[PDB]
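The file my_file36.csv comes next; it holds CSV, N, CA and C atoms.
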```csv
chain,number,residue,atom,x,y,z
M,1,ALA,N,-9.5,3.7,16.8
M,1,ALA,CA,-8.1,3.6,16.6
M,1,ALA,C,-7.8,2.5,15.5
M,2,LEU,N,-7.1,2.8,14.5
M,2,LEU,CA,-6.7,1.9,13.4
M,2,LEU,C,-5.5,1.0,13.8
M,3,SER,N,-5.7,-0.3,13.7
M,3,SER,CA,-4.6,-1.2,14.1
M,3,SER,C,-4.2,-1.9,12.8
M,4,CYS,N,-2.9,-2.2,12.8
M,4,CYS,CA,-2.3,-2.9,11.6
M,4,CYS,C,-3.0,-4.2,11.4
M,5,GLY,N,-3.5,-4.8,12.4
M,5,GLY,CA,-4.2,-6.1,12.3
M,5,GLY,C,-5.3,-6.0,11.3
M,6,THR,N,-5.9,-4.8,11.0
M,6,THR,CA,-6.9,-4.6,10.1
M,6,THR,C,-6.4,-4.0,8.8
M,7,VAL,N,-5.3,-3.4,8.8
M,7,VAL,CA,-4.7,-2.9,7.6
M,7,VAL,C,-4.3,-4.0,6.6
M,8,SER,N,-3.8,-5.1,7.1
M,8,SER,CA,-3.5,-6.3,6.3
M,8,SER,C,-4.7,-6.8,5.6
M,9,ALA,N,-5.9,-6.6,6.1
M,9,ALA,CA,-7.1,-7.1,5.6
M,9,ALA,C,-7.2,-6.6,4.1
M,10,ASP,N,-6.9,-5.3,3.9
M,10,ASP,CA,-7.0,-4.8,2.5
M,10,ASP,C,-5.8,-5.2,1.7
M,11,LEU,N,-4.7,-5.6,2.3
M,11,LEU,CA,-3.5,-6.0,1.6
M,11,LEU,C,-3.7,-7.5,1.1
M,12,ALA,N,-4.6,-8.2,1.7
M,12,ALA,CA,-4.9,-9.6,1.4
M,12,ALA,C,-5.1,-9.7,-0.1
M,13,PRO,N,-6.1,-9.0,-0.6
M,13,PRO,CA,-6.5,-9.0,-2.1
M,13,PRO,C,-5.5,-8.3,-2.9
M,14,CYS,N,-4.5,-7.6,-2.3
M,14,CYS,CA,-3.5,-6.9,-3.0
M,14,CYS,C,-2.2,-7.7,-3.1
M,15,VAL,N,-2.1,-8.8,-2.3
M,15,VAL,CA,-0.9,-9.7,-2.3
M,15,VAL,C,-0.9,-10.4,-3.6
M,16,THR,N,-2.0,-10.8,-4.1
M,16,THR,CA,-2.0,-11.6,-5.4
M,16,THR,C,-1.3,-10.8,-6.5
M,17,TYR,N,-1.5,-9.5,-6.6
M,17,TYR,CA,-0.8,-8.7,-7.6
M,17,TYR,C,0.6,-8.5,-7.2
M,18,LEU,N,0.9,-8.5,-5.9
M,18,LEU,CA,2.3,-8.3,-5.4
M,18,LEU,C,3.2,-9.4,-5.8
M,19,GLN,N,2.6,-10.6,-6.1
M,19,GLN,CA,3.3,-11.8,-6.5
M,19,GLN,C,3.2,-12.0,-8.0
M,20,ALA,N,2.3,-11.2,-8.7
M,20,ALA,CA,2.1,-11.4,-10.1
M,20,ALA,C,3.2,-10.6,-10.9
M,21,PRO,N,3.3,-10.9,-12.2
M,21,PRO,CA,4.3,-10.2,-13.1
M,21,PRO,C,3.8,-8.8,-13.4
M,22,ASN,N,4.7,-8.0,-14.0
M,22,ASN,CA,4.5,-6.6,-14.4
M,22,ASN,C,3.3,-6.6,-15.4
M,23,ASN,N,3.0,-7.7,-16.0
M,23,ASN,CA,2.0,-7.7,-17.0
M,23,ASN,C,0.6,-7.9,-16.4
M,24,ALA,N,0.6,-8.2,-15.1
M,24,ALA,CA,-0.6,-8.4,-14.4
M,24,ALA,C,-1.2,-7.1,-13.9
M,25,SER,N,-2.5,-7.0,-13.7
M,25,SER,CA,-3.2,-5.8,-13.3
M,25,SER,C,-3.7,-6.0,-11.9
M,26,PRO,N,-4.0,-4.8,-11.2
M,26,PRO,CA,-4.6,-4.8,-9.8
M,26,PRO,C,-6.0,-5.2,-9.8
M,27,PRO,N,-6.5,-5.7,-8.7
M,27,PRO,CA,-7.9,-6.2,-8.5
M,27,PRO,C,-8.7,-5.0,-8.0
M,28,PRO,N,-9.9,-4.9,-8.6
M,28,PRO,CA,-10.9,-3.9,-8.3
M,28,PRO,C,-11.1,-3.7,-6.8
M,29,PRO,N,-11.3,-4.9,-6.1
M,29,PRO,CA,-11.5,-5.0,-4.6
M,29,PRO,C,-10.3,-4.5,-3.9
M,30,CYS,N,-9.1,-4.6,-4.4
M,30,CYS,CA,-7.9,-4.2,-3.8
M,30,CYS,C,-7.7,-2.7,-3.8
M,31,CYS,N,-7.8,-2.1,-5.0
M,31,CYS,CA,-7.7,-0.7,-5.2
M,31,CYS,C,-8.7,0.0,-4.2
M,32,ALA,N,-9.9,-0.4,-4.1
M,32,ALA,CA,-10.9,0.2,-3.2
M,32,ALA,C,-10.3,0.3,-1.8
M,33,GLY,N,-9.6,-0.7,-1.3
M,33,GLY,CA,-9.1,-0.7,0.1
M,33,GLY,C,-8.2,0.6,0.3
M,34,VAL,N,-7.4,0.9,-0.7
M,34,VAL,CA,-6.5,2.0,-0.6
M,34,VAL,C,-7.3,3.3,-0.3
M,35,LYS,N,-8.4,3.5,-1.1
M,35,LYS,CA,-9.2,4.7,-0.9
M,35,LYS,C,-9.9,4.7,0.5
M,36,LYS,N,-10.1,3.5,1.0
M,36,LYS,CA,-10.8,3.3,2.3
M,36,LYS,C,-9.8,3.8,3.4
M,37,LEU,N,-8.5,3.7,3.1
M,37,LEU,CA,-7.5,4.1,4.1
M,37,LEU,C,-7.8,5.5,4.6
M,38,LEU,N,-8.4,6.3,3.7
M,38,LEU,CA,-8.7,7.7,4.1
M,38,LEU,C,-9.6,7.8,5.3
M,39,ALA,N,-10.7,7.0,5.3
M,39,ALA,CA,-11.6,7.0,6.5
M,39,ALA,C,-11.1,6.0,7.5
M,40,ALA,N,-10.0,5.3,7.2
M,40,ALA,CA,-9.5,4.3,8.1
M,40,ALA,C,-8.9,5.0,9.4
M,41,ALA,N,-8.0,5.9,9.2
M,41,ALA,CA,-7.4,6.6,10.3
M,41,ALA,C,-8.4,7.7,10.9
M,42,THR,N,-7.9,8.3,11.9
M,42,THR,CA,-8.7,9.4,12.6
M,42,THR,C,-8.0,10.7,12.6
M,43,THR,N,-6.7,10.7,12.7
M,43,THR,CA,-5.9,11.9,12.7
M,43,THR,C,-5.1,12.0,11.4
M,44,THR,N,-4.3,13.1,11.3
M,44,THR,CA,-3.5,13.3,10.1
M,44,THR,C,-2.3,12.3,10.0
M,45,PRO,N,-1.5,12.3,11.1
M,45,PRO,CA,-0.4,11.4,11.2
M,45,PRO,C,-0.8,9.9,11.3
M,46,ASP,N,-2.0,9.7,11.8
M,46,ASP,CA,-2.6,8.4,12.0
M,46,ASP,C,-2.7,7.7,10.7
M,47,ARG,N,-3.0,8.4,9.6
M,47,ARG,CA,-3.2,7.8,8.3
M,47,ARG,C,-1.9,7.2,7.8
M,48,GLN,N,-0.7,7.8,8.2
M,48,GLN,CA,0.6,7.3,7.8
M,48,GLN,C,0.8,5.9,8.3
M,49,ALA,N,0.3,5.7,9.5
M,49,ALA,CA,0.4,4.4,10.2
M,49,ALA,C,0.1,3.2,9.2
M,50,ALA,N,-0.9,3.5,8.3
M,50,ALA,CA,-1.3,2.4,7.4
M,50,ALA,C,-0.1,2.0,6.5
M,51,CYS,N,0.6,3.0,5.9
M,51,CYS,CA,1.7,2.8,5.0
M,51,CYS,C,2.8,2.1,5.8
M,52,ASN,N,2.9,2.3,7.1
M,52,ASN,CA,3.9,1.6,8.0
M,52,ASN,C,3.6,0.2,8.2
M,53,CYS,N,2.3,-0.2,8.2
M,53,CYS,CA,1.9,-1.6,8.4
M,53,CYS,C,2.2,-2.4,7.2
M,54,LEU,N,2.0,-1.9,6.0
M,54,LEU,CA,2.2,-2.6,4.8
M,54,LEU,C,3.7,-2.8,4.6
M,55,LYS,N,4.5,-2.1,5.4
M,55,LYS,CA,6.0,-2.3,5.4
M,55,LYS,C,6.4,-3.6,6.1
M,56,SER,N,5.7,-3.9,7.2
M,56,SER,CA,6.0,-5.2,7.9
M,56,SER,C,5.5,-6.4,7.1
M,57,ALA,N,4.2,-6.4,6.8
M,57,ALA,CA,3.6,-7.5,6.1
M,57,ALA,C,4.3,-7.7,4.7
M,58,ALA,N,4.9,-6.6,4.2
M,58,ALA,CA,5.6,-6.7,2.9
M,58,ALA,C,6.7,-7.7,2.9
M,59,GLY,N,7.4,-7.8,4.1
M,59,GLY,CA,8.5,-8.7,4.2
M,59,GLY,C,8.1,-10.1,4.5
M,60,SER,N,6.8,-10.4,4.4
M,60,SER,CA,6.2,-11.7,4.7
M,60,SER,C,5.4,-12.2,3.5
M,61,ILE,N,5.6,-11.6,2.3
M,61,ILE,CA,4.9,-12.0,1.1
M,61,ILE,C,5.8,-12.9,0.2
M,62,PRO,N,5.3,-14.0,-0.2
M,62,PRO,CA,6.0,-15.0,-1.0
M,62,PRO,C,6.2,-14.5,-2.4
M,63,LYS,N,7.5,-14.3,-2.8
M,63,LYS,CA,7.8,-13.9,-4.2
M,63,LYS,C,7.4,-12.4,-4.3
M,64,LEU,N,7.4,-11.7,-3.2
M,64,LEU,CA,7.0,-10.2,-3.3
M,64,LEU,C,7.7,-9.5,-4.4
M,65,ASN,N,7.0,-8.7,-5.2
M,65,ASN,CA,7.6,-8.0,-6.3
M,65,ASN,C,7.5,-6.5,-6.0
M,66,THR,N,8.5,-5.9,-5.5
M,66,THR,CA,8.6,-4.5,-5.2
M,66,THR,C,8.3,-3.6,-6.4
M,67,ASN,N,8.6,-4.2,-7.6
M,67,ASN,CA,8.4,-3.5,-8.8
M,67,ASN,C,6.9,-3.3,-9.1
M,68,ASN,N,6.1,-4.3,-8.8
M,68,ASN,CA,4.7,-4.3,-9.0
M,68,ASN,C,4.0,-3.3,-8.0
M,69,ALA,N,4.7,-3.1,-6.8
M,69,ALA,CA,4.2,-2.2,-5.8
M,69,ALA,C,4.1,-0.7,-6.4
M,70,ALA,N,4.9,-0.5,-7.4
M,70,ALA,CA,5.0,0.9,-8.0
M,70,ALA,C,3.8,1.1,-8.9
M,71,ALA,N,3.4,0.0,-9.6
M,71,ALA,CA,2.3,0.1,-10.5
M,71,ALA,C,0.9,-0.2,-9.8
M,72,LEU,N,1.0,-0.7,-8.6
M,72,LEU,CA,-0.2,-0.9,-7.8
M,72,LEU,C,-1.1,0.3,-7.8
M,73,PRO,N,-0.6,1.4,-7.3
M,73,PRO,CA,-1.4,2.7,-7.3
M,73,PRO,C,-1.7,3.2,-8.7
M,74,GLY,N,-0.7,3.3,-9.5
M,74,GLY,CA,-0.9,3.8,-10.9
M,74,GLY,C,-2.1,3.2,-11.5
M,75,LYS,N,-2.1,1.9,-11.8
M,75,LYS,CA,-3.2,1.2,-12.4
M,75,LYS,C,-4.5,1.4,-11.6
M,76,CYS,N,-4.3,1.6,-10.3
M,76,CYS,CA,-5.5,1.8,-9.5
M,76,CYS,C,-6.1,3.1,-9.7
M,77,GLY,N,-5.3,4.0,-10.3
M,77,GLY,CA,-5.8,5.4,-10.5
M,77,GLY,C,-5.5,6.3,-9.4
M,78,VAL,N,-4.9,5.8,-8.3
M,78,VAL,CA,-4.6,6.6,-7.1
M,78,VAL,C,-3.2,7.2,-7.2
M,79,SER,N,-3.0,8.4,-6.7
M,79,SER,CA,-1.7,9.0,-6.7
M,79,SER,C,-1.3,9.5,-5.3
M,80,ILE,N,-0.1,9.2,-5.0
M,80,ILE,CA,0.4,9.6,-3.6
M,80,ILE,C,1.7,10.5,-3.8
M,81,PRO,N,1.9,11.3,-2.7
M,81,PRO,CA,3.1,12.2,-2.7
M,81,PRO,C,4.4,11.5,-2.6
M,82,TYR,N,4.3,10.2,-2.3
M,82,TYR,CA,5.5,9.4,-2.2
M,82,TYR,C,5.4,8.1,-3.0
M,83,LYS,N,6.4,7.2,-2.9
M,83,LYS,CA,6.4,6.0,-3.6
M,83,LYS,C,6.3,4.8,-2.6
M,84,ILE,N,5.4,3.8,-3.0
M,84,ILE,CA,5.2,2.7,-2.2
M,84,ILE,C,6.2,1.6,-2.4
M,85,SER,N,7.3,1.6,-1.7
M,85,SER,CA,8.4,0.7,-1.9
M,85,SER,C,9.1,0.4,-0.6
M,86,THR,N,9.8,-0.7,-0.4
M,86,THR,CA,10.5,-1.0,0.8
M,86,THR,C,11.7,-0.1,0.9
M,87,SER,N,12.2,0.4,-0.2
M,87,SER,CA,13.4,1.3,-0.2
M,87,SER,C,12.9,2.8,0.1
M,88,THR,N,11.7,3.1,-0.1
M,88,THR,CA,11.1,4.4,0.1
M,88,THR,C,10.9,4.6,1.6
M,89,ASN,N,11.3,5.8,2.1
M,89,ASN,CA,11.1,6.1,3.5
M,89,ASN,C,9.7,6.8,3.7
M,90,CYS,N,8.7,6.0,3.9
M,90,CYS,CA,7.4,6.5,4.1
M,90,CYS,C,7.3,7.5,5.3
M,91,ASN,N,8.3,7.3,6.2
M,91,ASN,CA,8.4,8.1,7.4
M,91,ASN,C,8.7,9.5,7.1
M,92,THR,N,9.3,9.7,5.9
M,92,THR,CA,9.7,11.0,5.4
M,92,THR,C,8.7,11.7,4.5
M,93,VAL,N,7.4,11.2,4.7
M,93,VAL,CA,6.3,11.7,3.9
M,93,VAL,C,5.6,12.8,4.6
M,94,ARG,N,5.1,13.7,3.9
M,94,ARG,CA,4.3,14.8,4.5
M,94,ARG,C,2.9,14.4,4.8
M,95,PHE,N,2.1,15.3,5.3
M,95,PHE,CA,0.7,15.0,5.7
M,95,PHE,C,-0.2,15.1,4.5
```

How would this structure read if it were set down as structure tokens?
Amino acid sequence: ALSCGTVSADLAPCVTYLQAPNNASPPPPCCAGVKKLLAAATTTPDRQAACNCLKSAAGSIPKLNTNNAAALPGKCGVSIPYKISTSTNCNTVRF
């Protein structure tokens, strides 16, 4: 079972970029975490839980830059069916 307590582990190295300017780029070690999320969960809907965890820890980041969250995946080379933002309803995302 995947617990949010472990999801933040990958967000750690991703926080640096979350506080950096739009001119900053994502860390190699951070992007990897995103891909790991695939094998993180066990079920279909269980995978979504990950995106839900980043929602809570998101409101606990100093100088959090929601704008950078959009380029997080892009520069990482990863593409999702939804947008990673506090305004985005990850709950309304498909499988």

What separation in Å, quoted to one decimal, exists between atom N of residue M:50 and atom C of residue M:28?
-> 19.6 Å

Might you pull out every residue within 6.5 Å of residue M:84, with all atoms listed in the file counted and same-chain residues fewer than 4 positions away left off, and present them as a PyMOL selection string?
-> chain M and resi 69-70+88

Write out as a ChimeraX atom specification the residues lying within 12 Å of residue M:45, counting only C-alpha atoms and excluding same-chain residues fewer than 2 positions away.
-> /M:2,38,40-43,47-52,90-95

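Atom to atom, atom N of residue M:3 and atom C of residue M:20 stand 28.1 Å apart.
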
Which residue, M:5, M:26, M:33, M:13, has the smallest gap to residue M:71 when you use only C-alpha atoms?
-> M:26

State, in Å with one decimal place, the distance from atom CA of residue M:76 to atom CA of residue M:1.
-> 26.3 Å

Can you pull out the residues contacting residue M:78? Cut-off 8 Å, using only N, CA and C atoms, and skip same-chain residues under 4 positions away; I want them as a short mmCIF file (atom, residue, chain, number, x, y, z; two decimals) with N, CA and C atoms, keeping the file's coordinate frame.
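Produced file part25.cif, reproduced below:
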```
data_model
loop_
_atom_site.label_atom_id
_atom_site.label_comp_id
_atom_site.auth_asym_id
_atom_site.auth_seq_id
_atom_site.Cartn_x
_atom_site.Cartn_y
_atom_site.Cartn_z
N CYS M 31 -7.80 -2.10 -5.00
CA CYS M 31 -7.70 -0.70 -5.20
C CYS M 31 -8.70 0.00 -4.20
N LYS M 35 -8.40 3.50 -1.10
CA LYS M 35 -9.20 4.70 -0.90
C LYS M 35 -9.90 4.70 0.50
N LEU M 72 1.00 -0.70 -8.60
CA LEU M 72 -0.20 -0.90 -7.80
C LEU M 72 -1.10 0.30 -7.80
N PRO M 73 -0.60 1.40 -7.30
CA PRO M 73 -1.40 2.70 -7.30
C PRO M 73 -1.70 3.20 -8.70
N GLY M 74 -0.70 3.30 -9.50
CA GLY M 74 -0.90 3.80 -10.90
C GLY M 74 -2.10 3.20 -11.50
#
```

Contacts of residue M:54 within 8 Å, only C-alpha atoms, excl. fewer than 6 positions in-chain, as a ChimeraX atom specification = /M:7-8,11

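Using only C-alpha atoms, the shortest contact distance between residue M:53 and any of M:77, M:22, M:37, M:68 is found at M:37.
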
Please identify all polymer residues within 7 Å of residue M:86, counting all atoms listed in the file, omitting same-chain residues fewer than 3 positions from it, and present them as an mmCIF file with N, CA and C atoms, keeping the file's coordinate frame.
```
data_model
loop_
_atom_site.group_PDB
_atom_site.id
_atom_site.type_symbol
_atom_site.label_atom_id
_atom_site.label_comp_id
_atom_site.auth_asym_id
_atom_site.auth_seq_id
_atom_site.Cartn_x
_atom_site.Cartn_y
_atom_site.Cartn_z
ATOM 1 N N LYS M 55 4.500 -2.100 5.400
ATOM 2 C CA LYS M 55 6.000 -2.300 5.400
ATOM 3 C C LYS M 55 6.400 -3.600 6.100
ATOM 4 N N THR M 66 8.500 -5.900 -5.500
ATOM 5 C CA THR M 66 8.600 -4.500 -5.200
ATOM 6 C C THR M 66 8.300 -3.600 -6.400
ATOM 7 N N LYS M 83 6.400 7.200 -2.900
ATOM 8 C CA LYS M 83 6.400 6.000 -3.600
ATOM 9 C C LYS M 83 6.300 4.800 -2.600
ATOM 10 N N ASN M 89 11.300 5.800 2.100
ATOM 11 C CA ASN M 89 11.100 6.100 3.500
ATOM 12 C C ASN M 89 9.700 6.800 3.700
#
```

Give the answer as one residue: which of M:87, M:46, M:25, M:61 has the shortest atom-to-atom distance to residue M:12, using only C-alpha atoms?
-> M:61
